[PDB]
Amino acid sequence: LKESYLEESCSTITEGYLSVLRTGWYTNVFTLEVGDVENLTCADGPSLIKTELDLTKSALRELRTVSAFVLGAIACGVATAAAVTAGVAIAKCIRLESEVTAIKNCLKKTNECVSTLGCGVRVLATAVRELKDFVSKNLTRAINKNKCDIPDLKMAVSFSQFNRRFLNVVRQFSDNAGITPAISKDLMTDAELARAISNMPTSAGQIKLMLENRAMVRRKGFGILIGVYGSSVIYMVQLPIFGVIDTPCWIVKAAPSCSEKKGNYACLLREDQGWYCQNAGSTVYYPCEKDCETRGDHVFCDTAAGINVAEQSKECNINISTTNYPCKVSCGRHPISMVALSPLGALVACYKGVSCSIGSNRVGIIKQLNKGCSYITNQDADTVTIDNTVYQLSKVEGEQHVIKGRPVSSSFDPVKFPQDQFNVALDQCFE
Amino acid sequence: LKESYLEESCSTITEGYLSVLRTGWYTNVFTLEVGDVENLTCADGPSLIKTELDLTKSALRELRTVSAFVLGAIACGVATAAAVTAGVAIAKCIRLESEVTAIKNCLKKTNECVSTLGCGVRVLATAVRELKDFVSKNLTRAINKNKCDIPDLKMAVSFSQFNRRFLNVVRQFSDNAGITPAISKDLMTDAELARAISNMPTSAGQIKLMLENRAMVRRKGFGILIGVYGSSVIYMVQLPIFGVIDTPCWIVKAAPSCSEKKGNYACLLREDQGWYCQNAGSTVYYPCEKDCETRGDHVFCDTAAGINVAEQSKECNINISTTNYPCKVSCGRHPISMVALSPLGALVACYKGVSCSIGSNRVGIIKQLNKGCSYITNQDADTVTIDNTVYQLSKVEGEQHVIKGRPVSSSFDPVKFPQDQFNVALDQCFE
Amino acid sequence: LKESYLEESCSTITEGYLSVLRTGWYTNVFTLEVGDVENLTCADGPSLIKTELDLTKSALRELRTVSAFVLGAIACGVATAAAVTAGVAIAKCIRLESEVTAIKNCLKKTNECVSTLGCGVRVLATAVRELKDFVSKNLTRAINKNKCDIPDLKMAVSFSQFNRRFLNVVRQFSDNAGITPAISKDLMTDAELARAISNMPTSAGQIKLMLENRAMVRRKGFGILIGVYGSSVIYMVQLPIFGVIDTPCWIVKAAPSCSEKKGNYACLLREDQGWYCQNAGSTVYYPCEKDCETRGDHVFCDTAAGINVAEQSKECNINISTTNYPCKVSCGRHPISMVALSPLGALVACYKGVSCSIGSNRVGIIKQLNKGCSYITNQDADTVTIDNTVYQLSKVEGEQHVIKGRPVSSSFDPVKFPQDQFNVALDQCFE
Amino acid sequence: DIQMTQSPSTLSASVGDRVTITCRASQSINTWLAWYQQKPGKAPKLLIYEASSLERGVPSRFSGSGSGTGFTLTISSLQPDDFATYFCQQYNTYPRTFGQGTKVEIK
Amino acid sequence: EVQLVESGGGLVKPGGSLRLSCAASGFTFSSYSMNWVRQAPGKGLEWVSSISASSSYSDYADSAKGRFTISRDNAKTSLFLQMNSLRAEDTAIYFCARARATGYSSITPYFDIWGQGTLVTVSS
Amino acid sequence: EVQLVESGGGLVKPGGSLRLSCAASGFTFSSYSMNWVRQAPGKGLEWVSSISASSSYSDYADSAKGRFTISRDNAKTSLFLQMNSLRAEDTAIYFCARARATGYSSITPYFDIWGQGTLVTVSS
Amino acid sequence: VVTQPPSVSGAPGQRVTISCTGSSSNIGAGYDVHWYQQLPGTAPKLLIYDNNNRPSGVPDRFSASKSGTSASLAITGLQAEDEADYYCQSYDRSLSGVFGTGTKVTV
Amino acid sequence: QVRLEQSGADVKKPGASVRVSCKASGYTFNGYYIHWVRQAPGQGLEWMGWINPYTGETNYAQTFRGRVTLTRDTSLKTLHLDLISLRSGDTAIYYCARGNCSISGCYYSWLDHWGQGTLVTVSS
Ligand SMILES: *[C@@H]1O[C@H](CO)[C@@H](O[C@@H]2O[C@H](CO)[C@@H](O)[C@H](O)[C@H]2NC(C)=O)[C@H](O)[C@H]1NC(C)=O
Ligand SMILES: *[C@@H]1O[C@H](CO)[C@@H](O[C@@H]2O[C@H](CO)[C@@H](O)[C@H](O)[C@H]2NC(C)=O)[C@H](O)[C@H]1NC(C)=O
Ligand SMILES: *[C@@H]1O[C@H](CO)[C@@H](O[C@@H]2O[C@H](CO)[C@@H](O)[C@H](O)[C@H]2NC(C)=O)[C@H](O)[C@H]1NC(C)=O
Ligand SMILES: *[C@@H]1O[C@H](CO)[C@@H](O[C@@H]2O[C@H](CO)[C@@H](O)[C@H](O)[C@H]2NC(C)=O)[C@H](O)[C@H]1NC(C)=O
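Residues numbered from 1 in each chain as written, not as in the entry; some residues may be left out. Chains lettered and ligands numbered in written order. Part of a larger assembly, values for the part shown. Heavy atoms only, no water. Residues with missing side-chain atoms left out of burial classes, pairs and counts.

J.: Let's hear about a positive patch on the surface: which residues, and what values?
T.: Together, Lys92 and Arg95 of chain B together with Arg362 and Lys395 of chain C make up a positively charged patch on the protein surface. With respect to the helices and strands, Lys395 of chain C occurs in the loop between β24 (389–392) and β25 (399–403). (Patch = residues over 30% accessible without salt bridge, like charges linked within 9 Å, V, L, I, M, F, W, Y side chains within 5 Å. Areas by Shrake-Rupley, 256 points an atom, 1.4 Å probe, with all protein chains shown as cover. Salt bridge = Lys/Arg side-chain N within 4 Å of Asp/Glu carboxyl O. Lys, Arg positive; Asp, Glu negative; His and termini not counted. Charge placed at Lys NZ, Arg CZ, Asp CG, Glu CD. Helix = DSSP H or I, 4+ residues; strand = E, 2+ residues; numbered from the N terminus.)

Set out below in C-alpha cells:
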C-alpha cells in the first residue's frame, strides 16, 4: 500500500488496493425436505420424540406463515433496494408451481441440479434430504401404533441432531421476514458453498479469490425464502459475482484544516471521503460506510453502492487549491481537534486549547506536535495522545509520501458571510 | 398501487397504501417458573444432570443481576425514547412486591390471568410452568440422596429440552441488558401470541390483521425484564396496538434533477422523501428510515416516529414551482447520476459523461436514455444500466402516471451565491 | 439528577451523572484446547458420535480459515477505528509462534497465567481445557478400533455438551470475521470475567463498579481471533479499563424553538445535543448515540469517541444570547412540533396547526399547551399528546429548574437570506 | 542496568573433574538467567535457559543451579569437549547483559 | 498560576484532632481526584488518603483508616482532611496533590500539582 | 480516438523468440483487462492470453502456456507478449484487444476496442 | 514495600541511575511507576508522569523505564540543580498508593 | 536445522557506516525475534537491540539508539544491522541470534541460536 499525505487539504490518499466489486448474483435454490412429520402423531404423552416431533411440526407451520448531497445514505439505500429487487425478481420466477415441480422432480434423482427458469436465468438447485430420510426410513419405523415413549433413546437424540438445521433456517427466515442479511451455515454448508462456487459461471481468478475469501462471499450474499411446498421448504441463496476485479482503488480520509487570522479560526474539512475505484475507465465513489470491506489489498464493494464521479475529481487530491472542479468541503469556525486513523498513519488535528503528543511504549513521549495538521506515519510513533486520550497506530508497513503545500485554509480568506457551510463546493467557502 | 412521476421535480409519489400505525401497547406479564433448582445439588461428580443443573443455576444467577432539519434522526430518537419510556412506566408499576405477588398468586389456579395494576392499566399475565413441573415432579425424584449419575438417561435429555426456553430468555435479556429489540419465540410462543392477540382489547379488524401479520406484530413489539423473584423470572412482552388503520398513505422518492445553464450544472434534490399518511384530519410524515415497513398495500409505522406536516405539503407534489409552502430541497452544482428504484418503476438520472440504458433479458438494450431524469416504469424494462452497473426493476404491477412539466432546475435560475445549500426551502435555491 | 430547562433556546441540561469513561484496554488471551479430534475417525457409519465428531472437526477447520461539522459520524467512526486498531496491535504481538508457544507452555502447569508479551504489554492468559480432557480421557478410550456406534450413549450426549462452547466461539468469530462486537458467554464465562476483573491493574473503586456492572463491562469489550494452532484455538478478549470515573457529566436535549415574525415562522434548533463530561480539566463532547450508554447516574463512554470542546461552550447553556462563543444551531422556516423526552421531563414544541396537551391517566387532560415550547416536568403529567399521538413521560424523580428568558427566535430577527441554514453558528442565523 | 558478575575469571580444570562456575547478578532476576558456551572462534551455544533448565540437544552433564541473585553452572564430570569460555546472561531487563566470561582451561 | 494551598495545620497533643483545609485555585477542581500525602521529617512520602472527583469514592492508608476522614467542597474548591486520634507518628508535613491518571495501561494516578505543605506537630 | 497499436511483429525461425508490444492510448489503461488474440492466415480467431488490470492474474491458452508470457506497463500504457519457442503453428496476426465484462449474468469478457494487428511469420 | 537505594552520587556530567523495586502486588501487578523529585524543603515536583513519559519542564536528560517488578530512573548529564531527593511511586493491589523509600542524588 | 548465515568481515573508516547481514533459515521466520549483540575483543558481550521480523518493530539499547537501525526483508528471510558514524570503539564481532521465550512471556527472552559473528574493523 502507498499513502500520500495532502498538506494542502489535511487529507490522505492510500493507494494500492485491488478491487473486488460485486456485479451480479448467482442463485442456488435449496430444497430442504422435512417429510410427513405432520402425518406422525404420538399417543403416549410424555416422550422425548413427541417433544422433538412437536417442535419440528411447529417450525414447519410457522414457516408456512412467513413470506418476503449526502451521498452515503442515497448510495446505500439504492444498494439495499437493488439487492432485494434483483433477488425478489428471481424469487418471483421460481415461485411458479410448474417451476418448483420442475426443481423438485430434478432433485428426485440427484442431490444437485441445474435449472434454467422460464426467465432464462439458470440457477443451481440443491437438495437437503437428511431429515426426510430420518423421518421416513427410521422414525416412521420406530413410531408403530403411534407409540412414542420408545426405549430406543438413540432415536430421540438422533432426531434432535437431524432437525437442527431445519429449525435454524426457520428461525433465521422467521426473524428476518424471509430475507436474511447473510448466508448462515444453516442455509448453506461450506460443503455446499464450495460446490456452488465451483459451479459459478466465472473465471478461475474469481474461483481462487472466492474459495480463499469464503467468509466475504458468505457475508455479501443473502437468502430469500420461496415458501413451503408439500413438506418441503424452498429457499434461495444469492451469491455474489465479482465481475470487476484487480482494478485500482484508493481510500481518502481527511481531518479539519484550520488557520487563525485576526485571532479567529477558518476551517475546512473535505466531505468526499471514503472509497474510490476505477471500473471500465470510469471512476466510481462508494460513499456508504457499510458496503466496502477490506482484506489486505482487496477491497470488496457492491457496484450498486457506487456513485459515478468524474476522473477530474482526482484533482481534489493534487490541486484542490486551483482546480475548477467543485471539490466538496464543509467549512466554518469550528476547530475540532481529532485523530483520523489511516492505513499507514494518522491525521492529527490539534488546535488552540488542546495538547497533542506522540509516543512509544518503550521510549515515552517522542514529540509534541505543532498546532495544525500533523500526518504521523505509523513508523514515527506507536501512539498519539489528544487531551490525554491515547490513540494507538496501525502496525502495517508501507510507503508514506508527503505532497507539501500551504494549507488552503491559510491560503484563502474565509467568506465573510455565510462563513459556516455544509457539504458545499470549495469556491463557496473561500473568497 | 398507483405511482405518479412528477417531472417538475424528478420525484415519484406511490399511492394506494393502507396504514397500520402503532398507537399504544398491550402488555403480557409472563411469569417463568424455574423452581427449586438451587436447592438441588450433585455429589456424584461427572454427570449429565449436573452439567445441565449447573447451567440452569448459572443462568438464574446471571439473570438476577440483569436489570433494564434532518428529521430522520430526531424522529427515530423520539420514537426510541417513547417506546422504552412507555414500557418502563409499566415495568415500574409491575415491579412492586405486592403486585408480583398478586400476579404470581393469580397464576397458581390458572396458566392465564388478567390483572388491573394499580397504575390502572390492565395487563395479561401468563405462566410458563413446564420447567418447574419437571424440576419438582421428576428431577427431584430422580436426584435421591444427592445422586446425579442416574442411569435413566432419559432424565438428562428431558432436562436439556425443558430448560432450553429459560436459557434463551436469559441469553436474550443478558445480551440486551433487559430490553430485547424483538419478541423472540423463547419469550413468546406462537400459541401464547395468538392467545394474547385474542385477548387484546381491539376490534376484530385488527384481530384478523394481527393474526395474519404475526411477524409484523412480533417485530414491532419488545420485551422488558422485570426481575427474578426466588424460583421465578418475571418479564413483560409489549404488543403493538394498531389504532390507526386503513387510512391513505404514500411514499415519495426522488433523484437529482439537474440542468445546464452557462454550461454549468444547476441541480436540486427533494429531501422530503419517505412515507406520509393521513391520521385523523392531519397529514403525518415518517422521516425515520428504519420505522415504516411494508407488506403488500399495508404500511406499518410507529405513530411516535411521525412528524406532523401541513396538509398543504401535498402542493410540493402538485405545484412545487408555484406553491408558497416551503418545499424542502437540497441544491447545488453536483450532477449525481443514479437510479432511484421505486415500487412501480425507477427514477434514472444520468448526466454528462455517464451512459444510461434500459434493457430486457430477451430483447437486449430496449433504449438508450437521454440526459436528464427518465422515469422508467417497471413495464418498460427489466433493467436499467448505469456505467455498466445493472439495476433490476420490480415486477409488481399498478398504474403509472406522469404529471408533466418543465423541471424547476431548468425553469428557474440558480442563486449566484450560496449556490450549494442543504435542506433549504426551494425559494432559497432558485431566484 | 438535576434538569434545567433553558427557555432562551428550548433546551434542557440534565446534570448529576457520574462518568465511567473507557481509557484503555485489558487483554485476556484465551487458549481453548480441542485436542486430536481430527485424528479420530468412525468406521461404523450411522452414529451419534460420528455426527458430533464430524461437526466438531468442521468447526475447527472453518475456524482455521477465519482471520481478522457533523461530529457524530466523525467521532463514532474514529472510536470504531481506534478500538480495532488498538486490539489488532496486541493481536500482532501475540501472533508470533514463540509467543503462542510461551502462552501454551505456561498453561500446561496451570489454568491461568500472566504473560508479559515481547512488545511490553502485560496480558492475562486462560486455558479452556474441558473439551481436550473429554476428547483424550474418555472419547478416545470409547472409540476403540474406530468403532463409534457404541451403546454407551452417555458418551454422545456428553460430547454435545463439552463441544457446545467451542462451536459457539467458532460461530461467533465466523459470523463476525474474527472481531466479535461483544464478549459472548461462550468467549468468556462469568467465572472467567470475574477472575479477569479480580486480576486487572485497577483500583477497588473500579473493581467494585466493574463487578456490579459486569454486563456493561461485557458489552464495552470485544474479542479478536488470533488463530488456530494445531489442536487449539487462540483468541483474545479485550476488557475496558475505566480510568476516568466519578467526574461530572451532563446531557443536552433540545427541541425546535420558533416564533412568528411577519406572520411567518423563524426557528432555531440547537445542534450541540448529547453527552458532555469533564476530563482532567477539560470538557469533552460525545456527539453520537451509539457510545454513551447510561445506567442510573453512571454514564459509560469511550474516551476515543470524545471531541474536546472549550469550557466556554457551557455559555451556550447559560445565556446563549450574549455569548461570543459560536454556539452551533440549525435555523430556518420549519416549525416542527415534537416531544423531546428528557430524563426529568419533556420538551414539547407545538406550533400553528398542531394541538398539544398534557394529561394524567386518572385526571384526564391536565392542561392544553400554548403554542411555543413547554417543558413539562415529569410530575406535571403522565403523558403528552401531540396530534393525538400519546407520549409517556418518565417516572424518575429529580430536581427541575427553569432558566427563564425570552427565546432567541423571538428576541433576534431572522437573517433575510439565506434563512434556512444547517449546523451553523448562531450569529449567522440571527441579525 | 543489571551488572552481571562472574567468577572465577578462569578455571584450570582436568578431564573427569567437577567444574562449577558462579554468576552473581545485582538484583533478583528470579530464574531469568541463561548460560552459554563459547568455543574460541565459534558462535556461542545455549546450555541452560531458565537457571535449572537444559537446552534440548546439550549434554546432560551440564547442570544449572540457583535462583534470585546467585547462580551456578556445574559440569558433573568434565570431558575434553567441554573446555571453553562460558557466559551467563540475565533476561529480566533491557538491555540484556552478560557476564564477563570465564574460560575453563586445561590443568 | 494553578495553586494548591494548605492551611489549618499546627501543634496538637496525642489523642488530638485537627482539620486540614487545602484551597484549590486556578483549575476546574470538580474534574480532578485529590490526595493527601505526608512527609515525616527526614523521611519519605507516605500516601494518606484519596477522594474522587465527585466524592463518590475515598480510600485511606492503614494508618489513617478509621482515624481520618477526607472530604471536599467542589463549590468553594476546597479539600479537607479531618484527623482524629492523632499520634506522635502522625507528625509530618501534609501535602494536598492533584491526582491524574492516563488510564491506558493501568489506573495508577500520578500527582501533578502539589500544594505548599502544612506542618503538623503531634507532641505532648 | 481510442487506439491500440501493435508493434514488434516480424519474421522468426522456429525455436526463435519474439516480443510483441501494443501501445494503448486514449483510455485509462490501468482500468481495463487486456488480451492477445491471434488469427492464423485464412483461419479464425484464437485467444492467446489475458492479463488483469493490475497484472495480479494472467491466463494462457494451452498452446501458449509456458511458452509465452504476457505482461503490461500501466505507466507507459503498453501491453507486451514475450513469445519463446515459436513454431510454424504460431504464424498468425496477433491483435491486442481491450477486455470488458458486464458481470451481471456471468463473467465472460467481450473484446471491445481492437488494435491494428501485427503479423508474425515463423518459417525456416 | 517499594524499595530504593538511600543515596547515589556522581561527578557533574556523569550518568546516575536510581533503581526502584517492587512486588507482585504493585509494579508486578501491572501498575505503572511514576517518579518525583524534591529539593530540600520544597514540595515534590513530578518528573516522570507514567512509565517513560516526561511532562513539560523536565529536560530530555531525565529518563525512566519499567521492567516487570522493577523500574529505574537515569539522570544523564548530572548537574548541580539535580541534587534532590527522588521517589518512585506506584499502586499496590492491597496497600493502594505506594511510594518508594526515596533516593538522595549527591553531586 | 536452524541456521543464521551471517555476512563475512568488512573494514571501515571512523565516521563511516556499516550494513551487516544475517540470512535466516530452518525456522518460521516471522515467529521468533532476532537479537543483535556485540563482542569487542577483550570485553564481554554487549546487546545492540532486537527486531520483530513479523512487524519490523525494534528496540535499541540506550547506548546505540540513533546510531543503529535494524531492518529485515521478509521475502529474502534476511536480517540487517545498519550502524552509522563508526568509532574505534566499535571494533567488535557482531552476532545475529534467534530469541526464544520464557513461559513468563517473550519479554523474558534468551538467544537459542547464533550466527557466525561478523567481525568489523574500524580504523584510520
Ligand atoms: C436409519 O436407518 C438405517 C437403515 O436401516 C440405519 O443404518 C444401519 O445402521 C447400522 C448400525 O447401527 C448398520 O449396521 C447398518 O448397515 C445400517 N444400514 C444402512 C442401510 O445404512 C441407521 O442406523 C438408522 N439410524 C440412523 C440414525 O441413521
Ligand atoms: C414426569 O412425571 C410424570 C408423572 O410421574 C410422568 O408422567 C407419566 O408418563 C408416562 C409415560 O412415560 C405415562 O404412561 C403416565 O401416564 C404419566 N403419568 C402422569 C401422571 O402424567 C412423566 O413421564 C415424567 N417425565 C416427563 C418428561 O414428563
Ligand atoms: C523454546 O523454549 C521453550 C521453553 O520455554 C522450549 O520448550 C521446551 O521444549 C521441550 C521439547 O519439546 C520440552 O520437553 C519442554 O518441556 C519445553 N519447556 C517447557 C517449559 O514447556 C522450546 O523447545 C524452545 N524452542 C522452541 C522452538 O520452542
Ligand atoms: C472421563 O474420564 C474420567 C477418567 O476415567 C472419569 O472420571 C474419573 O475416573 C477415574 C477412574 O477411571 C476415577 O478414579 C476418578 O475419580 C474420576 N474422576 C472424577 C472427578 O470422578 C469421568 O467419569 C469420565 N467422564 C466424564 C464425563 O468426565
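J.: Describe the packing of helix α1 (residues 48–65) of chain C against helix α5 (residues 153–162) of chain C, with residues and values.
T.: Residue and element names in this part refer to chain C. At a minimum axis distance of 9 Å, the contact between α1 and α5 shows a crossing angle of 25°. In terms of axis orientation, α1 runs roughly parallel to α5. Where α1 crosses over α5, the two elements pack in a sense that is left-handed. Touching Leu48, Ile49, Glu52, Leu53 and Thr56 of α1 are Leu153, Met155, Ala156, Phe159 and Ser160, all from α5. (Axes fitted to C-alpha atoms, helices over the stretch in contact; angles between N-to-C directions. Parallel < 35°, antiparallel > 145°, perpendicular 65-115°, else oblique. Left-handed = near helix turned anticlockwise from the far one by under 90°. Contact = heavy atoms within 4.5 Å.)

J.: I'd like to hear about the nonpolar core, residue by residue, with values.
T.: Counting 170 residues, the largest nonpolar core has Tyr235 of chain A, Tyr235 and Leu239 of chain B together with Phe166 and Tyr235 of chain C as the members making the most contacts within it. Among residues more than four places away in sequence, those in contact with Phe166 of chain C are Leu32, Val34, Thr56, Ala59, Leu60, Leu63, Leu131 and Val233 of chain C. Core analysis: the next-biggest nonpolar cluster, separate from the first, contains 63 residues, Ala79 of chain B together with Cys267, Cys350 and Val384 of chain C among them. (Core = buried A, V, L, I, M, F, W, Y, C linked by side-chain atoms within 4.5 Å. Buried < 20%, exposed > 50% of the residue type's maximum accessible area, 1.4 Å probe, protein only.)

J.: Any chance you could break down the pairing of strand β22 (residues 372–377) of chain A for me, citing the residues and the numbers?
T.: Residues and elements named next belong to chain A. Counting buried positions along β22 gives five out of six residues, so the element sits mostly inside the fold. Pairing geometry for strand β19 (residues 345–350) and β22, over six bridges, is antiparallel. Residue pairing in the sheet places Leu347 in a bridge with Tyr375 of β22. (Pairing = 2+ DSSP bridges.)

J.: Account for the UniProt feature "transmembrane region" (unreviewed entry) in chain A, naming residues and giving values.
T.: All names here are of chain A. Using the residue numbers shown here, the UniProt feature "transmembrane region" (unreviewed entry) corresponds to residues 69–91 and 222–245. Its end C-alpha atoms 34 Å apart, residues 69–91 is made of 91% helix and 0% strand. Taken end to end, residues 222–245 has its terminal C-alpha atoms 21 Å apart, with 0% of it in helix and 83% in strand. (UniProt positions renumbered as here; feature names shortened; annotations may be inferred.)

J.: Break down the site of ligand 4 for me, citing the residues and quoting the values.
T.: Lining the immediate surroundings of ligand 4 are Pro46 of chain B together with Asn138 and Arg141 of chain C. Site remark: ligand 4 is flanked by residues from chains B and C. In the environment of ligand 4, an oxygen atom lies 3.2 Å from a nitrogen or oxygen atom belonging to the side chain of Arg141 of chain C. Starting from 580 Å² of accessible surface for ligand 4 in isolation, the protein chains cover 36%. (Near = heavy atom within 4 Å. Polar contact = N/O pair within 3.5 Å; in protein donor to acceptor, adjacent residues only side chain to side chain.)

J.: I'd like a rundown of the site of ligand 2, residues and numbers included.
T.: What surrounds ligand 2 is the set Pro46 and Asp149 of chain A together with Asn138, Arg141, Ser158 and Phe162 of chain B. The residues that come close to ligand 2 belong to more than one chain, namely chains A and B. Between ligand 2 and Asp149 of chain A there is a distance of 2.7 Å, counted from an oxygen atom to a side-chain nitrogen or oxygen. A distance of 3.1 Å separates an oxygen atom of ligand 2 from a polar atom in the side chain of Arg141 of chain B. Calculation on ligand 2 without its partners gives an accessible area of 570 Å², and the protein chains cover 42% of this total. Taken together, the elements giving at least two residues each to the shell around ligand 2 come down to α4 (130–142) and α5 (154–162) of chain B. Among the residues forming the shell around ligand 2, the class breakdown is two nonpolar, two polar and two charged. (Nonpolar A, V, L, I, M, F, W, Y, C, P; charged D, E, K, R; others polar.)

J.: Summarise unusual backbone geometry; cite the residues concerned and give the values.
T.: Across the junction of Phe417 of chain A and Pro418 of chain A, the peptide omega takes the value -15°, indicating a cis bond. Mapped onto the elements, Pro418 of chain A comes out in the loop between α10 (408–411) and β26 (421–425). Located in the positive-phi region is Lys145 of chain C, a residue other than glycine, with phi close to 50°. As for its position among the elements, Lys145 of chain C is in the loop between α4 (130–142) and α5. When its relative accessible area of 73% is taken as the criterion, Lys145 of chain C is described as exposed.

J.: Explain the relation of the copies chain C and chain B to me, and be specific about the residues and the numbers.
T.: Turning chain C through 120° and shifting it by 0.0 Å along the axis lays it on chain B, with an RMSD of 0.2 Å. A rotation of that kind, with that shift, is consistent with a three-fold axis. No C-alpha of chain C approaches the rotation axis more nearly than that of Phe422 of chain C, which lies at 4.1 Å. Of all interface residues in chain C, a mere 11% are interface residues in chain B too; the two copies therefore contact each other through different surfaces. (Least-squares fit on C-alpha atoms.)

J.: Describe helix α4 (residues 130–142) of chain A, with residues and values.
T.: Residue and element names in this part refer to chain A. With 13 residues, α4 should cover 18 Å at 1.5 Å per step; its first-to-last C-alpha distance of 17 Å lies within 8% of that length. Along α4, the sharpest kink reaches roughly 30°, centred on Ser136. Buried within α4 are the following residues: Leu131, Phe134, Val135, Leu139 and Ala142. The elements touched by buried residues of α4 are β3 (24–33), α1 (48–65), α5 (153–162) and α6 (164–175). (Expected span 1.5 Å × (residues − 1). Bend = angle between axes of the 7 residues up to and from the residue.)

J.: Lay out the arrangement of the chains in plain terms, naming residues and giving numbers.
T.: Nothing in chain B touches chain E; the tightest C-alpha to C-alpha distance between them is still 22 Å. Contact between chain C and chain F is absent, and the minimum C-alpha spacing across the pair is 22 Å.

J.: Describe in detail the interface of chain A and chain C, supporting the description with residues and values.
T.: Contacts between the two partners involve 38 residues from chain A and, on the opposite side, 45 residues from chain C. Both sides of the chain A and chain C interface together cover about 3,500 Å² of buried area, and 60% of this is carbon and sulfur. Here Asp420 of chain A makes a salt bridge to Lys328 of chain C, at a shortest N to O gap of 2.9 Å. The dominant element in the side of chain A that touches chain C, judged by the number of residues it contributes, is α5 of chain A, at five residues. (Buried area = accessible area lost by both parts, 1.4 Å probe.)

J.: Lay out the pattern of salt bridges in plain terms, naming residues and giving numbers.
T.: For the structure shown, the criterion picks out 87 salt bridges over all chains. Between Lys290 of chain A and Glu289 of chain A there is a salt bridge, with its nearest N and O atoms 2.8 Å apart. Close ionic contact of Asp420 of chain B with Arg333 of chain B constitutes a salt bridge, the shortest N to O distance being 3.2 Å. Here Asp420 of chain B, found in the loop between α11 (408–411) and β26 (421–425), pairs with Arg333 of chain B, found in the loop between β17 (328–332) and β18 (338–342); they are 87 residues apart in sequence, far enough to count as distant. Under the relative-accessibility criterion, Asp420 of chain B is labelled buried at 4%. A cluster of three or more residues bridged by salt bridges with shared partners is formed by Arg38, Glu46, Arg67, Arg87 and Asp90 of chain H.

J.: I'd like a rundown of the relation of the copies chain A and chain C, residues and numbers included.
T.: Overlaying chain A with chain C gives an RMSD of 0.2 Å, the required rotation being 120° about an axis along which the chain moves by 0.0 Å. Little of the interface of chain A is mirrored in chain C, where only 13% of its interface residues are also at the interface.

J.: Give me the lowdown on the packing of aromatic side chains, citing residues and values where you can.
T.: All names here are of chain A. Applying the stated criterion across every chain yields a total of 64 aromatic pairs over all chains. Their ring planes at 55° and their centres at 6.5 Å tell us that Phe412 and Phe430 sit as a pair that is tilted. With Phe412 in the loop between α10 and β26 and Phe430 in the segment after β26, this pair connects stretches of sequence that are 18 residues apart. Relative accessible area serves as the criterion here: at 24%, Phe412 is assigned to the partly exposed category. (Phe/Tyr/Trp six-rings, centres within 6.5 Å; stacked < 30°, edge-to-face > 60°.)

J.: Tell me about the sheet that holds strand β8 (residues 78–83) of chain H, and name the residues and values.
T.: Residue and element names in this part refer to chain H. Ordered in space as β1-β3-β8-β7, the four strands form an open sheet in which the pairing is antiparallel. Looking at which strands have only one partner, the edges of the open sheet turn out to be β1 (3–6) and β7 (68–73). Ignoring strand direction, the axes of neighbouring strands in this sheet form an average angle of 20°. With four bridges connecting them, β1 and strand β3 (residues 18–25) associate as antiparallel partners. Bridged to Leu4 within β3 is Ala24.

J.: Talk me through the packing of α1 of chain A against α5 of chain B; I want residue IDs and the actual numbers.
T.: Each pair of packed helices can be summarised by the angle the axes make with each other and by the distance between the axes. The N-to-C vectors of α1 of chain A and α5 of chain B enclose an angle of 25°; their axes lie 10 Å apart at closest approach. One element, α1 of chain A, and the other, α5 of chain B, form an angle in the roughly parallel class. Of the two possible hands of crossing, α1 of chain A and α5 of chain B adopt the one that is left-handed. Along the contact surface, α1 of chain A presents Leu48, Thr51 and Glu52 of chain A, while α5 of chain B presents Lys154, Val157, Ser158 and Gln161 of chain B. Partitioned by chemical class, the residues of the contact of α1 of chain A with α5 of chain B number two nonpolar, three polar and two charged.

J.: Can you tell me about the interface of chain C and chain B, naming the residues and giving the values?
T.: Listed as interface residues are 37 residues of chain C and, on the opposing side, 41 residues of chain B. Between chain C and chain B, a total of about 3,400 Å² is buried, with carbon and sulfur atoms accounting for 60% of that surface. Linking chain C with chain B are three salt bridges, by the criterion used here. Remark: the boundary between chain C and chain B carries 11 residue pairs in polar contact. No other element matches the five residues that α5 of chain C contributes to the side of chain C that touches chain B.

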